[PDB]
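Asks: One file: final_21.pdb (PDB, C-alpha atoms).
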```pdb
ATOM      1  CA  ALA A   2     109.029 119.051 113.615  1.00  0.00           C
ATOM      2  CA  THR A   3     107.997 118.358 109.957  1.00  0.00           C
ATOM      3  CA  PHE A   4     104.521 116.921 109.722  1.00  0.00           C
ATOM      4  CA  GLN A   5     103.366 114.898 106.699  1.00  0.00           C
ATOM      5  CA  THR A   6     100.203 112.973 105.798  1.00  0.00           C
ATOM      6  CA  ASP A   7      98.580 111.460 102.697  1.00  0.00           C
ATOM      7  CA  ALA A   8      95.267 111.219 104.403  1.00  0.00           C
ATOM      8  CA  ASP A   9      92.405 113.215 105.728  1.00  0.00           C
ATOM      9  CA  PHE A  10      92.803 114.203 109.337  1.00  0.00           C
ATOM     10  CA  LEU A  11      91.112 115.511 112.418  1.00  0.00           C
ATOM     11  CA  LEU A  12      92.015 118.857 113.978  1.00  0.00           C
ATOM     12  CA  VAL A  13      91.433 119.077 117.711  1.00  0.00           C
ATOM     13  CA  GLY A  14      92.021 122.087 119.907  1.00  0.00           C
ATOM     14  CA  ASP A  15      90.641 124.162 122.787  1.00  0.00           C
ATOM     15  CA  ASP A  16      90.190 127.238 120.581  1.00  0.00           C
ATOM     16  CA  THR A  17      88.973 126.474 117.070  1.00  0.00           C
ATOM     17  CA  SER A  18      87.806 129.969 116.070  1.00  0.00           C
ATOM     18  CA  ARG A  19      90.219 130.410 113.169  1.00  0.00           C
ATOM     19  CA  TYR A  20      90.655 126.746 112.124  1.00  0.00           C
ATOM     20  CA  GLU A  21      88.373 126.877 109.115  1.00  0.00           C
ATOM     21  CA  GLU A  22      89.963 130.121 107.946  1.00  0.00           C
ATOM     22  CA  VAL A  23      93.660 129.157 107.995  1.00  0.00           C
ATOM     23  CA  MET A  24      93.098 125.640 106.707  1.00  0.00           C
ATOM     24  CA  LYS A  25      91.574 126.972 103.476  1.00  0.00           C
ATOM     25  CA  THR A  26      94.963 128.602 102.811  1.00  0.00           C
ATOM     26  CA  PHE A  27      96.553 125.214 102.053  1.00  0.00           C
ATOM     27  CA  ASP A  28      96.252 124.159  98.403  1.00  0.00           C
ATOM     28  CA  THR A  29      96.049 120.455  99.368  1.00  0.00           C
ATOM     29  CA  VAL A  30      92.740 120.841 101.206  1.00  0.00           C
ATOM     30  CA  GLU A  31      89.511 119.929  99.392  1.00  0.00           C
ATOM     31  CA  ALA A  32      87.409 120.852 102.450  1.00  0.00           C
ATOM     32  CA  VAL A  33      87.104 121.391 106.196  1.00  0.00           C
ATOM     33  CA  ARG A  34      84.138 120.299 108.304  1.00  0.00           C
ATOM     34  CA  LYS A  35      83.188 121.010 111.867  1.00  0.00           C
ATOM     35  CA  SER A  36      81.505 118.477 114.131  1.00  0.00           C
ATOM     36  CA  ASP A  37      78.025 119.741 115.148  1.00  0.00           C
ATOM     37  CA  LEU A  38      78.391 117.761 118.352  1.00  0.00           C
ATOM     38  CA  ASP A  39      81.768 119.071 119.543  1.00  0.00           C
ATOM     39  CA  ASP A  40      83.373 122.439 118.844  1.00  0.00           C
ATOM     40  CA  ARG A  41      86.942 121.184 119.380  1.00  0.00           C
ATOM     41  CA  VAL A  42      86.700 118.784 116.426  1.00  0.00           C
ATOM     42  CA  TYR A  43      87.264 119.439 112.699  1.00  0.00           C
ATOM     43  CA  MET A  44      87.863 117.095 109.768  1.00  0.00           C
ATOM     44  CA  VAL A  45      90.341 118.143 107.102  1.00  0.00           C
ATOM     45  CA  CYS A  46      89.806 116.361 103.779  1.00  0.00           C
ATOM     46  CA  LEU A  47      92.748 116.385 101.450  1.00  0.00           C
ATOM     47  CA  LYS A  48      92.790 116.520  97.622  1.00  0.00           C
ATOM     48  CA  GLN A  49      93.096 113.070  96.050  1.00  0.00           C
ATOM     49  CA  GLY A  50      96.675 111.842  96.134  1.00  0.00           C
ATOM     50  CA  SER A  51      97.961 115.076  97.685  1.00  0.00           C
ATOM     51  CA  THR A  52     100.277 115.366 100.665  1.00  0.00           C
ATOM     52  CA  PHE A  53      99.677 117.897 103.400  1.00  0.00           C
ATOM     53  CA  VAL A  54     103.041 118.915 104.792  1.00  0.00           C
ATOM     54  CA  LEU A  55     103.965 121.439 107.464  1.00  0.00           C
ATOM     55  CA  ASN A  56     107.696 122.132 107.377  1.00  0.00           C
ATOM     56  CA  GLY A  57     107.199 123.915 110.691  1.00  0.00           C
ATOM     57  CA  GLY A  58     105.186 121.044 112.140  1.00  0.00           C
ATOM     58  CA  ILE A  59     102.010 121.004 114.244  1.00  0.00           C
ATOM     59  CA  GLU A  60     103.585 124.048 115.829  1.00  0.00           C
ATOM     60  CA  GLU A  61     103.380 126.148 112.596  1.00  0.00           C
ATOM     61  CA  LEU A  62      99.648 125.388 112.532  1.00  0.00           C
ATOM     62  CA  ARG A  63      99.395 126.302 116.256  1.00  0.00           C
ATOM     63  CA  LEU A  64     100.861 129.709 115.513  1.00  0.00           C
ATOM     64  CA  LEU A  65      98.745 130.427 112.419  1.00  0.00           C
ATOM     65  CA  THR A  66      95.614 129.467 114.261  1.00  0.00           C
ATOM     66  CA  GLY A  67      96.568 130.839 117.670  1.00  0.00           C
ATOM     67  CA  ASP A  68      95.595 127.612 119.504  1.00  0.00           C
ATOM     68  CA  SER A  69      98.517 126.093 121.431  1.00  0.00           C
ATOM     69  CA  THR A  70      96.481 122.941 122.192  1.00  0.00           C
ATOM     70  CA  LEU A  71      95.895 122.250 118.466  1.00  0.00           C
ATOM     71  CA  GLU A  72      96.589 118.630 117.600  1.00  0.00           C
ATOM     72  CA  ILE A  73      96.156 116.478 114.557  1.00  0.00           C
ATOM     73  CA  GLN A  74      94.962 112.917 114.185  1.00  0.00           C
ATOM     74  CA  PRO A  75      95.403 111.302 110.725  1.00  0.00           C
ATOM     75  CA  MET A  76      92.577 109.058 109.533  1.00  0.00           C
ATOM     76  CA  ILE A  77      95.215 106.589 108.251  1.00  0.00           C
ATOM     77  CA  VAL A  78      93.993 103.939 105.787  1.00  0.00           C
ATOM     78  CA  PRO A  79      95.612 101.314 103.462  1.00  0.00           C
ATOM     79  CA  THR A  80      95.273 102.821  99.949  1.00  0.00           C
TER      80      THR A  80
ATOM     81  CA  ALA B   2      76.305  99.774  80.883  1.00  0.00           C
ATOM     82  CA  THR B   3      78.472  99.951  84.013  1.00  0.00           C
ATOM     83  CA  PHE B   4      79.709 103.362  85.167  1.00  0.00           C
ATOM     84  CA  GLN B   5      82.831 103.757  87.281  1.00  0.00           C
ATOM     85  CA  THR B   6      84.956 106.596  88.588  1.00  0.00           C
ATOM     86  CA  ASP B   7      87.756 106.562  91.130  1.00  0.00           C
ATOM     87  CA  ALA B   8      87.606 110.327  91.391  1.00  0.00           C
ATOM     88  CA  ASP B   9      85.164 112.854  92.820  1.00  0.00           C
ATOM     89  CA  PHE B  10      82.527 113.852  90.360  1.00  0.00           C
ATOM     90  CA  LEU B  11      80.086 116.601  89.470  1.00  0.00           C
ATOM     91  CA  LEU B  12      76.378 115.967  89.241  1.00  0.00           C
ATOM     92  CA  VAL B  13      74.472 118.269  86.925  1.00  0.00           C
ATOM     93  CA  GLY B  14      70.749 118.229  86.275  1.00  0.00           C
ATOM     94  CA  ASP B  15      67.474 120.175  86.118  1.00  0.00           C
ATOM     95  CA  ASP B  16      65.828 118.589  89.176  1.00  0.00           C
ATOM     96  CA  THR B  17      68.409 118.323  91.959  1.00  0.00           C
ATOM     97  CA  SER B  18      65.875 117.728  94.731  1.00  0.00           C
ATOM     98  CA  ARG B  19      66.902 114.242  95.836  1.00  0.00           C
ATOM     99  CA  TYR B  20      70.584 114.393  94.730  1.00  0.00           C
ATOM    100  CA  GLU B  21      71.732 114.897  98.277  1.00  0.00           C
ATOM    101  CA  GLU B  22      69.838 112.021  99.871  1.00  0.00           C
ATOM    102  CA  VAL B  23      70.393 109.529  97.030  1.00  0.00           C
ATOM    103  CA  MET B  24      74.157 110.070  97.012  1.00  0.00           C
ATOM    104  CA  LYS B  25      74.429 109.614 100.770  1.00  0.00           C
ATOM    105  CA  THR B  26      73.202 106.023 100.501  1.00  0.00           C
ATOM    106  CA  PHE B  27      76.370 104.939  98.751  1.00  0.00           C
ATOM    107  CA  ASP B  28      79.096 103.623 101.031  1.00  0.00           C
ATOM    108  CA  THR B  29      81.777 105.191  98.798  1.00  0.00           C
ATOM    109  CA  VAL B  30      80.617 108.806  99.195  1.00  0.00           C
ATOM    110  CA  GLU B  31      82.527 110.838 101.806  1.00  0.00           C
ATOM    111  CA  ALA B  32      80.503 113.966 101.182  1.00  0.00           C
ATOM    112  CA  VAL B  33      78.063 115.639  98.801  1.00  0.00           C
ATOM    113  CA  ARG B  34      78.199 119.427  98.499  1.00  0.00           C
ATOM    114  CA  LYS B  35      75.890 121.761  96.606  1.00  0.00           C
ATOM    115  CA  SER B  36      77.889 124.026  94.325  1.00  0.00           C
ATOM    116  CA  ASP B  37      77.330 127.730  94.915  1.00  0.00           C
ATOM    117  CA  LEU B  38      78.528 128.319  91.358  1.00  0.00           C
ATOM    118  CA  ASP B  39      75.041 127.338  90.256  1.00  0.00           C
ATOM    119  CA  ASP B  40      72.205 125.332  91.891  1.00  0.00           C
ATOM    120  CA  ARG B  41      72.018 122.689  89.120  1.00  0.00           C
ATOM    121  CA  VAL B  42      75.432 121.567  90.388  1.00  0.00           C
ATOM    122  CA  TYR B  43      76.620 119.209  93.087  1.00  0.00           C
ATOM    123  CA  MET B  44      80.047 117.908  93.967  1.00  0.00           C
ATOM    124  CA  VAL B  45      80.352 114.341  95.195  1.00  0.00           C
ATOM    125  CA  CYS B  46      83.554 113.364  97.089  1.00  0.00           C
ATOM    126  CA  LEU B  47      84.669 109.729  97.000  1.00  0.00           C
ATOM    127  CA  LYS B  48      86.268 108.215 100.137  1.00  0.00           C
ATOM    128  CA  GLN B  49      90.019 107.742  99.760  1.00  0.00           C
ATOM    129  CA  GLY B  50      90.763 104.453  98.020  1.00  0.00           C
ATOM    130  CA  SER B  51      87.146 103.907  96.970  1.00  0.00           C
ATOM    131  CA  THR B  52      85.544 103.254  93.614  1.00  0.00           C
ATOM    132  CA  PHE B  53      82.050 104.552  92.818  1.00  0.00           C
ATOM    133  CA  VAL B  54      80.056 101.961  90.814  1.00  0.00           C
ATOM    134  CA  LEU B  55      76.597 102.113  89.186  1.00  0.00           C
ATOM    135  CA  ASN B  56      75.861  98.763  87.569  1.00  0.00           C
ATOM    136  CA  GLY B  57      73.130 100.372  85.483  1.00  0.00           C
ATOM    137  CA  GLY B  58      75.215 103.243  84.170  1.00  0.00           C
ATOM    138  CA  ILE B  59      74.208 106.875  84.492  1.00  0.00           C
ATOM    139  CA  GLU B  60      70.628 105.738  83.766  1.00  0.00           C
ATOM    140  CA  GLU B  61      70.494 103.901  87.076  1.00  0.00           C
ATOM    141  CA  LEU B  62      71.364 107.166  88.849  1.00  0.00           C
ATOM    142  CA  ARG B  63      68.802 109.137  86.831  1.00  0.00           C
ATOM    143  CA  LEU B  64      66.091 106.740  88.031  1.00  0.00           C
ATOM    144  CA  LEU B  65      67.237 106.756  91.637  1.00  0.00           C
ATOM    145  CA  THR B  66      67.233 110.542  91.534  1.00  0.00           C
ATOM    146  CA  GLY B  67      64.076 110.993  89.491  1.00  0.00           C
ATOM    147  CA  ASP B  68      65.969 113.203  87.072  1.00  0.00           C
ATOM    148  CA  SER B  69      66.268 111.972  83.490  1.00  0.00           C
ATOM    149  CA  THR B  70      68.427 115.004  82.621  1.00  0.00           C
ATOM    150  CA  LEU B  71      71.117 114.177  85.230  1.00  0.00           C
ATOM    151  CA  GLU B  72      74.695 114.202  83.919  1.00  0.00           C
ATOM    152  CA  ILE B  73      77.938 113.210  85.560  1.00  0.00           C
ATOM    153  CA  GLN B  74      81.388 114.702  85.112  1.00  0.00           C
ATOM    154  CA  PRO B  75      84.276 112.945  86.932  1.00  0.00           C
ATOM    155  CA  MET B  76      86.854 115.349  88.402  1.00  0.00           C
ATOM    156  CA  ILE B  77      90.616 115.237  87.613  1.00  0.00           C
ATOM    157  CA  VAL B  78      93.966 114.116  89.244  1.00  0.00           C
ATOM    158  CA  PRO B  79      97.345 112.291  88.643  1.00  0.00           C
ATOM    159  CA  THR B  80      97.836 109.720  91.472  1.00  0.00           C
TER     160      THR B  80
END
```
Before we go any further, please render this structure as structure tokens.
Replies:
Amino acid sequence: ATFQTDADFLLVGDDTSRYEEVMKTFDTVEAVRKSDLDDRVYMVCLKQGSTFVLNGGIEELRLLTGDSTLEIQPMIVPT
Amino acid sequence: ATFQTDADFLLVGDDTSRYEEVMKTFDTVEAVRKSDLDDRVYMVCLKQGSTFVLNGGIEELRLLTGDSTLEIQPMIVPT
């Protein structure tokens, strides 16, 4: 279940109401942005060199946010 | 007089009118946010793995911005 990433990442889901609010609870997050073109899409920027980790996995974030469709897509980039 | 920072940085000046649009022309800037701590202040986020470079030094950025009082303060972090 454990989810880990050293990069920014997209948050996609069918119900993004509380996304911005729970994300700000993680110390590793510099900021969160919402696409103005599509409500399902958010970008989560991470502090420099930090590692976002969910011991409970995507699932822990689905519970905190209430969206069981919530998914994450890492931006992934070489250094 | 070359200026370089691998980290996000603060922009501080007395005429912050074109800070937003001038910073968004650099290919290393992920985002530029206006501090709500005070209006003389902006935060500039560097893309992961990127280096922000002004060949002219902070003077080059003061011209581009039209603010001779502009100051820069690179943010912190330990890899």
Asks: For chain B, which residue out of A:27, A:4, A:20, A:10 is the nearest one, using all atoms listed in the file?
Replies: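 Among the listed residues, the smallest separation from chain B belongs to A:10.
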Asks: Residues near residue 42 of chain A, anyone? I mean within 8 Å using all atoms listed in the file, not counting same-chain ones fewer than 4 positions away, as a list in words.
Replies: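 In the requested form, the answer reads residues 11, 12, 13, 14, 35 and 36 of chain A.
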Asks: Could you jot down the atom CA of residue 5 of chain A to atom CA of residue 46 of chain B separation for me, Å, one decimal place?
Replies: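 Going from atom CA of residue 5 of chain A over to atom CA of residue 46 of chain B covers 22.1 Å.
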Asks: What does the PyMOL selection byres ((chain B and resi 17) around 9) select in this file, as a ChimeraX atom specification?
Replies: /B:12-16,18-21,40-43,66-68,71
Asks: Expand the ChimeraX specification (/B :<9) & /A into the individual residues it matches in the shown file, reporting them as a ChimeraX atom specification.
Replies: /A:8-9,48-51,78-80
Asks: Kindly indicate which residue among A:76, A:24, A:37, A:44 lies nearest to residue 61 of chain A, using only C-alpha atoms for the distances.
Replies: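 Nearest candidate to residue 61 of chain A out of A:76, A:24, A:37, A:44: A:24.
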Asks: So what do you get for atom CA of residue 30 of chain B versus atom CA of residue 72 of chain A, distance-wise?
Replies: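 Separation between atom CA of residue 30 of chain B and atom CA of residue 72 of chain A: 26.3 Å.
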Asks: From the list A:38, A:54, A:2, A:45, which residue is nearest residue 25 of chain A when using only C-alpha atoms?
Replies: A:45
Asks: Any chance you could work out the axis-aligned box around segment 65-80 of chain A, listed atoms only, 3 Å on each side, giving centre and edge lengths in Å to one decimal, as lines of an AutoDock Vina configuration file?
Replies:
```
center_x = 95.7
center_y = 116.1
center_z = 111.1
size_x = 12.2
size_y = 35.5
size_z = 28.2
```
Asks: Any idea what the distance is between atom CA of residue 59 of chain A and atom CA of residue 3 of chain A?
Replies: 7.8 Å
